[PDB]
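One chain is shown next in structure tokens, namely the form deposited in one PDB entry.
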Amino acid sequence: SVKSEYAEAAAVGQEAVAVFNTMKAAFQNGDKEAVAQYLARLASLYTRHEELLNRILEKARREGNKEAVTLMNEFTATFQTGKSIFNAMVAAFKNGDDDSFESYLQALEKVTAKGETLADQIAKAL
């Protein structure tokens, strides 16, 4: 069901949360080789989540489920905001710009928390 599919996407999202916080600790401690590997892991996790979310949105549209479509349109738009900030963080790491990295890390935390306040409504609508 789209709902088992939603729970699958939610767990993948949670895996990125977990890896992100381990990565933030590694960044603070100065362990750049660890950060590099976590950033690759996260890229894969975020690419996977994006794919699952598009499949859920496409299934909502074929169902003609208007409230689910509306909420997933908003949620996916916010996801692209996170994606752009994440890509900028990765570039700041590549450039050795720790100031920008710290900034982007903070901004991403605020974007993802705001984004996840839509989850309750998505789950009831799907």
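The first residue of the shown sequence is 1; numbering continues from there. The term rigid core refers to the most C-alpha atoms you can superpose between the two forms while keeping them within 1.5 Å.
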| property | result |
| --- | --- |
| Greatest C-alpha divergence in 9 other deposited structures of this protein once each structure is fitted on the rigid core, 112 to 120 or 19 to 27 | 112 to 120 |
| Segment of higher mean CA temperature factor, 4 to 12 or 117 to 125 | 117 to 125 |
| Between the two ranges 59 to 67 and 45 to 53, the one averaging a larger CA B factor in the entry | 59 to 67 |
| Chain third (lowest, middle, highest) by recorded CA B-factor, residue given as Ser103 | middle |
| Third of the chain, ranked by Cα B-factor, where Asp31 sits | middle |
| Entry-reported Cα temperature factor of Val17, expressed as the chain third it lands in | middle |
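Another form exists, solved in complex with a small molecule; not displayed. Remarks below refer to it.
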query	finding
The single option of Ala36, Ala92, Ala26, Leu45 touching the small molecule in the entry with it bound, heavy atom within 4.5 Å	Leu45
Interface membership of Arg41, the small molecule in the entry with it bound, 4.5 Å heavy atom rule	yes
Three-residue site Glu63, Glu67 and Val69 fully in contact with the small molecule in the entry with it bound at 4.5 Å by heavy atom	no
